[PDB]
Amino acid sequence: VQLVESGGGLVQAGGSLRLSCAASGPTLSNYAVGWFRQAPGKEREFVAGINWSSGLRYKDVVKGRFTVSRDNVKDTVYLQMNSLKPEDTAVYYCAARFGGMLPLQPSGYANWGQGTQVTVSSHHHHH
């Protein structure tokens, strides 16, 4: 019923972060977990998600860079974020819905984390 996101932070273009979502009382294993993100001045959008039985869904611009996965022992869901680019800068939310569906709008989800900020800087070392 209450999810906690962790692992955000500031990273340079091409770097990597891993978000993690954990649940309080309920067992997250019955829940599809979707990762949404809100960039400044834009709506929440679906990014990536895993259902209660390992089905997966991805937004087109993050295919081949992000992977959602789930560890059912620790009751945790992960969003590994590789090859990060500046336009992945956003507040990231995990959201949970009972069952096997991952609907694309936030209204299909009733349980929400508070959000972790991810910032990706175009910083590169000086040549």
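Don't overthink the numbering: it's just position in the shown sequence, from 1.
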| query | finding |
| --- | --- |
| Mean C-alpha temperature factor, higher of 57-65 and 70-78 | 70-78 |
| Third of the chain's Cα B-factor distribution that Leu19 belongs to, per the entry | middle |
| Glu45 - Cα temperature factor, lowest/middle/highest third of chain | lowest |
| Chain-wide C-alpha B factor ranking for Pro106, given as lowest, middle or highest third | middle |
| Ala96, C-alpha B-factor rank within chain (lowest, middle or highest third) | lowest |
| B-factor third for the C-alpha atom of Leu84 within its chain | middle |
